[PDB]
Amino acid sequence: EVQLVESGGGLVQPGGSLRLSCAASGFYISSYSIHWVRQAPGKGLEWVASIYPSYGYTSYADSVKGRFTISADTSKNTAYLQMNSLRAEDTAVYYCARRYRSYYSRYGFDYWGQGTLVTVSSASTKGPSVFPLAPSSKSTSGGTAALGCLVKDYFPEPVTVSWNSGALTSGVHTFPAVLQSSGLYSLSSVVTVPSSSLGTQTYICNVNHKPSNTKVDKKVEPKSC
Amino acid sequence: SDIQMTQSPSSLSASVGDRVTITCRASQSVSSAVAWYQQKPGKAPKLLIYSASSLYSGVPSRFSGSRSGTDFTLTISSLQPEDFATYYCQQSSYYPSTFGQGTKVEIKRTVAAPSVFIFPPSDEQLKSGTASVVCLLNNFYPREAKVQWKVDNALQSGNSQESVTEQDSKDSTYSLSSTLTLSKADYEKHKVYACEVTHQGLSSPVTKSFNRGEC
RNA sequence: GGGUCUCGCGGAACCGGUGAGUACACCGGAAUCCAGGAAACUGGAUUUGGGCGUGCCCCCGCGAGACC
């Protein structure tokens, strides 16, 4: 029925441009106002811009004024966000949302699209290096050992991590990635296992990074001698 | 020309069946076009309340909104398991809109001390000239935790980063990694690496250590 | 003729409020005139198109023109 579908997100270097589109289905944007709201990774919602498509009236957050232009084409039932002079701080999921009525109203933003991801960076695509987090020699907290893999220096997001080709899921914690000062991402994935199984069971972390077309399998074993 | 909403608290711990109240104060504007949204990880926000007190069609009536002067309140009368989420208030006027900073509603449980583990850098990583030391806090509650790195008993500053899992869907605990990053040259200049963990579930802080090159 | 457009000339001043969501509906101060009172005031009559970003826009009436 009612749909808003954002598109046009992608990777761009600082200073570059992107044009986002927001295509409506099941209603006419001329009967609504249309709003762009963005969410930086791990942060809150930030209003970006608004338009009354029946009138062409536009408004902008101070953080984007003079760099972003919002527009609409009622015959195509689509709204746009032209983004110029992009900075790293503009990296975010960009949502499009509608509010009932052709001019201002006190209705809410009652339907939101699923968003389009915008990444602003000078970093070059890079597959991760995968290093073992070897289990320690003492049978650790509670007769259980902790082990893992360090997934370091990749760009862009995301990576997917599994253990034993998905055969091991319980006790696994794959942490959210952090962006390093190098512009590259890093994360760890860990798992706790019975101490009595370190000699018998082998543990392998499987790391896939689609943007680099790389796939890595890393056996994590106790460190010896 | 922006407007502002101040939302509090940033986080709250509650149990199923609890009454929950979240507040946003308008700074500049006095517009009553205040709406409340729910957002779950990886999903778009959903509208709950609009025009400060109107319940959106389809939303359970345990959600309600009210206004007293500049203060706007979202109330959940009896919290349900599907209501643990982040909530945002929002204000609009003719041209500008703004959002509050958000409130995460998480699951209350008994205090649980972390299990601490420390990992030296692998021989493989050292070949490329960098060393990463990793400290793991496993399955603790509440989320607040302090991790301090010491190298040869000297406190470290500015060369570590951490990240935390979402609250576990089965035991409601958190886990945290702290990664200390050194050059290979710096790493081989020192002997004892330790992370000291401070948490409400520990009487005194806990230290896990290793000596570079030891068994 | 009717539609779009364009241009010209018109559509009392100020302040605030209610409900909208467009550019509307309504309300109170108020203003002008008359009468009463020493005055504070009182009675009667008449009265402004609107939106919000306040300098731009929409609408209404009259006139001129362009294009279907």
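Letters A, B, ... mirror the listed sequences (proteins, then strands); counts begin at 1. Both backbone and side-chain heavy atoms feed into the values below; hydrogens, waters and symmetry mates do not.
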Here the residues of residues 50-65 of chain A within 4.0 Å heavy-atom distance, strictly under, of RNA chain C are A:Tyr55, A:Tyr57, A:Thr58, A:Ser59
Exercise. Evaluate the base stacking between C:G21 and its strand neighbour C:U22 against centres under 5.5 Å and planes under 30°, returning yes or no.
Key: no
*For C:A20 and C:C56, measure between their P atoms and round to the nearest Å.*
32 Å
Check whether any side-chain heavy atom of B:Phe84 lies under 4.5 Å from a side-chain heavy atom of B:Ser169, and answer yes or no.
no
Classified through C1'-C2'-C3'-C4' with positive north and negative south, C:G53 counts as south
Distance, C1' atom - from C:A23 to C:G55, rounded to whole angstrom: 16 Å
From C1'-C2'-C3'-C4' (positive north, negative south), C:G55 puckers south
Decide, yes or no, whether a salt bridge links B:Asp171 with B:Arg109 under the criterion of side-chain N to carboxylate O below 4.0 Å. no
Is a donor-acceptor contact shorter than 3.5 angstrom present between the side chain of B:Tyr95 and the base of C:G53? yes
**Asked** Under 3.5 Å, is there a donor-acceptor pair linking the side chains of A:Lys65 and B:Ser1?
**Response** yes
Taking the same atom, P, in C:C58 and in C:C5, what whole-Å distance lies between them?
10 Å
Rounded to whole Å, the OH-P distance (A:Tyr103 to C:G50) equals 16 Å
Only one of B:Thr179, B:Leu136, B:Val133 passes side-chain contact (heavy atoms from CB on, under 4.5 Å) with B:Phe119, and that residue is B:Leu136
B:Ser78 side chain reached by B:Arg19 side chain, heavy atoms, under 4.5 Å: no
- prompt: Mind checking if C:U46 stacks on C:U47, six-ring centres under 5.5 Å, planes under 30°?
  reply: yes
Q: Could you give the distance separating C:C41 and C:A13 at their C1' atoms, to the nearest angstrom?
A: 25 Å
Euclidean distance for P, C:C57 against C:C9 (whole angstrom)
15 Å
For RNA chain C, the expected dot-bracket line (Watson-Crick or G-U under 3.5 Å, [ ] crossing, | inter-strand) is .((((((((((..((((((....))))))(((((((....))))))).((((..))))))))))))))
| query | What integer number of Å spans the P atoms of C:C14 and C:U48? | reply | 14 Å
Work out how far the P atom of C:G63 is from that of C:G28, and round it to whole angstrom. 36 Å
Is the shortest side-chain N/O distance from A:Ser102 to OP1 or OP2 of C:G21 below 4.0 Å? no
*Flag this pair as yes if the NZ/CZ of A:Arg98 is under 6.0 angstrom from the six-membered ring centre of A:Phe27 and inside a 45 degree cone about the axis; otherwise no.*
yes
A:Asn206 vs A:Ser165 side-chain heavy atoms within contact, under 4.5 Å: yes
(Q) If stacking means ring centres below 5.5 Å and interplanar angle below 30 degrees, are the neighbouring bases C:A23 and C:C24 stacked? (A) no
- Message: Heavy atoms only, 4.0 Å cut-off, all strands: where does A:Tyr107 land among base, sugar-phosphate and nothing?
- Response: sugar-phosphate
With north defined by a positive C1'-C2'-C3'-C4' torsion and south by a negative one, C:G51 has a sugar that is north
Report yes if a side-chain nitrogen or oxygen of A:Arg106 is closer than 4.0 Å to either non-bridging phosphate oxygen (OP1 or OP2) of C:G21; otherwise report no.
no
The furanose of C:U54, with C1'-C2'-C3'-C4' positive read as north and negative as south, falls south
From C1'-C2'-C3'-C4' (positive north, negative south), C:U42 puckers north
- request: Verify the neighbour count for atom OH of A:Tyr103: are there more than 12 heavy atoms of other residues, nucleotides or ligands below 6.0 Å?
  value: yes
Can C:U54 and C:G55, neighbours in the strand, be said to stack by the measure of ring centres under 5.5 Å and ring planes under 30 degrees?
yes
Between B:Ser93 and A:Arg101, the residue closer to the 5' end of RNA chain C by nearest nucleotide is A:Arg101
- Task: Give a yes or no on whether a donor-acceptor pair under 3.5 Å exists between the nucleobase atoms of C:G21, that is its base, and the side chain of B:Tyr94.
- Result: yes
For this session: Could you tell me whether B:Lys40 atom NZ has more than 12 heavy atoms of other residues or ligands within 6.0 Å of it?
Result: yes
**Prompt:** Is B:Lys46 salt-bridged to B:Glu82, going by a charged N under 4.0 Å from an acidic O?
**Reply:** no
Taking the same atom, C1', in C:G50 and in C:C59, what whole-Å distance lies between them?
7 Å
Original post:
Is the closest side-chain donor-acceptor distance between B:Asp71 and B:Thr23 under 3.5 Å?
Top reply: no
